[PDB]
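Quick heads-up: it's one chain on its own, the form deposited in one PDB entry, in structure tokens.
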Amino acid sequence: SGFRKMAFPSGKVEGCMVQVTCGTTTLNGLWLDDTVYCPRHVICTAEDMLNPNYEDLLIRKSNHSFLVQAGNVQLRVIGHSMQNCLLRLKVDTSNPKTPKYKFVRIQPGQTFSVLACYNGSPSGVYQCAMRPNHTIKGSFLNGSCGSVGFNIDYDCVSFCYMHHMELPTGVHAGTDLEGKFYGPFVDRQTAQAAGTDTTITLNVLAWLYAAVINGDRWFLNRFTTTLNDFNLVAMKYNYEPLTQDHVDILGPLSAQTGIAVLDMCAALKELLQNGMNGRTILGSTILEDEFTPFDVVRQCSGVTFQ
């Protein structure tokens, strides 16, 4: 029993974190095999960040312009190249702790674990959801750039996020491990701001299924709804439209609980229109949207508390 925002064990990632310094700028890097990946803005000073031309700034650097430190050991850079918004620093030693891994670009609404790091030293781990507006509500301080996001599938680490910037509202923006930003953001100091966000409908439904699996049905009702009628309510409450693909994804949870997807949608519609009347669901007083259908199946029992 219980239901918590649960991160994946971070050990496999901790062994890959290093520190990268260029000039007076230091941030984190990810060391896999003989390559260290880090934000390319490590080559920028606060002043360069106003209007950096990375091609021009990088051509002025040599391999020894970069200092890479793994724990107490200094790694020697023997090559460098830029890939989108990341730098790939080839070093003379292969990381003996490299786990089996993959680079994946996650989609909006999906979740991942973040290993917050400073000076190449892991400091904390927590779960984040990629918001529909392509930002994440992380917890980062100066020096956290290069910290990574990941999911673990068996013993394979699927890296999906590298941290690059904080936006005006305190939320965060970054790239996948190929250096492509999530969202319309860029790695330069501009007036860019997070666009309007929306609640992740599929995740809210998944979590309501989790509540039933864990033994709570107070919020269910005798009604059903069509996808279109549900979506009229979703637009009013700033929820993403429900799609048939979402309905299909919810099949396994619907099967485990015996509650048809559109019937759970009718329950959600009522919760949105009437509120929760002082009650809680899985300990929460609000509708949680940062657990995916996969997250629920991962954490909840496979047997419903009927």
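In this text, the rigid core denotes the largest set of C-alpha atoms whose superposition between the two forms falls within 1.5 Å. Only residues modelled in both forms are compared. Residues carry their position along the shown sequence, with the first being 1.
From this point on, the text means the form deposited with a partner chain bound, which you will not see here.
- Although the partner is absent from this view, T190 contacts the partner chain in the bound PDB entry, with a non-hydrogen atom inside 4.5 angstroms.
- Within 4.5 Å of any heavy atom of the partner chain in the bound PDB entry lies no heavy atom of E178.
- Within this chain, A260 is remote from the site of the partner chain in the bound PDB entry, having no heavy atom within 4.5 Å.
- Using a 4.5 angstroms threshold between heavy atoms, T25 counts as touching the partner chain in the bound PDB entry.
- Although the partner is absent from the chain shown here, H64, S144 and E166 each have a heavy atom within 4.5 Å of the partner chain in the bound PDB entry.
- Just one of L58, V247, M49, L32 comes within 4.5 Å of the partner chain in the bound PDB entry, counting any heavy atom, and that one is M49.
- Note on the interface: of 218 to 226, 87 to 95, 200 to 208, 166 to 174, the segment with non-hydrogen atoms within 4.5 angstroms of the partner chain in the bound PDB entry is 166 to 174.
- In sequence order, 139 to 143 is the sole run of at least 3 consecutive residues whose Cα positions differ by 2 Å or more between the shown form and the other one once the rigid core is superposed.
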